[PDB]
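Take a look at this single chain, the form deposited in one PDB entry, given in structure tokens.
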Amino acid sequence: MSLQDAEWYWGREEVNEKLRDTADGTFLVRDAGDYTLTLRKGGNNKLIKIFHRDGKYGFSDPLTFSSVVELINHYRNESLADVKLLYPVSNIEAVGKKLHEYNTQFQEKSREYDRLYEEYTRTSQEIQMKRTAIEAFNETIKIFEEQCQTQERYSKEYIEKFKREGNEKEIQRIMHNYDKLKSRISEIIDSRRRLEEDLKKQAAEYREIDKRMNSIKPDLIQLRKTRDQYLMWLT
């Protein structure tokens, strides 16, 4: 039969894209006679070169089969053994206006995605810094708690009220430091809580930044196909 106009024929990136996530048994014939057939089997796109010699086409010698379309039809009728060749892959002013509009839409989508990506990376930076600061605050609070425990263990034994030595040191000095020390520990705990709250808020905002990111992609890749098909017409 005639060639240059068929569903299977297409005359490597395009072949891979077309056969990507395609069903088993698919076959696409294209030139790379060369007449290379890309057949999808085992989840991978096998290649078979159609040998053309002595005015005869064939996968392997002898080239008994006559024409490439004849080969495609025959191996669509029967399996290649081991897989049958199942279903294959196959005005000017208006097209110009559509191309311009989809170009503008693609630029808008790209700018929006870039802005979302930059915001995502930035918020990730602040999230990491805030988490590190919170861990440092935890460590500082632990050290202060150990210091307070040691101070409370030591003060009573070392110098309680006037009995041992408490004339005015415990009231003026001994208990002054214990209360003075407790002032910073409580404030340090206060700073951790305040910063911890901010981290949760950023996580939600960082969470939301992902919501806009995981919806634009479906609406932008499909934009490429419309742009790709309309832009790659020029006829």
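Take the two forms, superpose them, and find the largest set of C-alpha atoms that agree within 1.5 Å; that set is the rigid core. One-based numbering along the sequence shown.
Undergrad: Which class fits the unmodelled deposited stretch between residue 204 and residue 205: none, 1 to 3, 4 to 9, or 10 or more?
TA: Missing residues, residue 204 to residue 205: none.
Undergrad: Report, from the record, the number of residues in the deposited sequence between residue 81 and residue 82 that have no coordinates, as none, 1 to 3, 4 to 9, or 10 or more.
TA: Some 4 to 9 residues are missing between them.
Only in words, not in the display: the form deposited in another entry, which the text now covers.
Undergrad: Once everything's superposed on the core, is residue 104 shifted 2 Å or more at the Cα between this form and the one not shown?
TA: No, the C-alpha position differs by under 2 Å between this form and the one not shown.
Undergrad: Following rigid core alignment, is the displacement of the residue 171 C-alpha between this form and the one not shown equal to or greater than 2 angstroms?
TA: The answer is yes, as the C-alpha of residue 171 shifts between this form and the one not shown by 2 Å or more after core alignment.
Undergrad: When the rigid core is used for the superposition, does residue 120 move between this form and the one not shown (threshold: C-alpha shift of 2 Å or more)?
TA: Superposed on the core, residue 120 moves its C-alpha less than 2 Å between this form and the one not shown.
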